[PDB]
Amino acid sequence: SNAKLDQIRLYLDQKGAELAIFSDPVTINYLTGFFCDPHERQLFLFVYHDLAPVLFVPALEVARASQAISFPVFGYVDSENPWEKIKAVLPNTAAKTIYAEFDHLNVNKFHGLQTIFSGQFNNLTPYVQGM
């Protein structure tokens, strides 16, 4: 397992949360060693407290991501709705308590994620700042 993601999973367990969703390319590179500029496209790292983590990227990034990342990586092409695709590829969307990076995630992305996850969202930025 990824040592830094082991620390996130402990944090989630200590907070009684089931899922962290990272969106900031800088945090994602900190955690995984993959750096992305997604432009207008979607980029998320889903760190379940128990399941394998999942990287979600534009299709054009899959090959590069896969060179550095051994856990699941899924892409979406431009003709696909990214929110429907996340729903289609993730093992589980039932988390009751979710952490996300409120200092990076824009309101449109936040609302997008809320069409998939009905759980309560909490701010991850205190954890991120403290690494």
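When you see a residue number, it is the position in the sequence shown, counting from 1.
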| task | Please work out which of 111-119 and 20-28 has the higher mean CA B-factor as recorded in the PDB entry. | result | 111-119
| Quick one: higher average CA temperature factor, 90-98 or 47-55? | 90-98
| task | Comparing against every modelled residue in the chain, figure out the third that the C-alpha B-factor of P38 lands in (lowest, middle or highest). | result | highest
| request: Grab the CA temperature factor for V77 from the record and place it in the lowest, middle or highest third of its chain. | output: highest
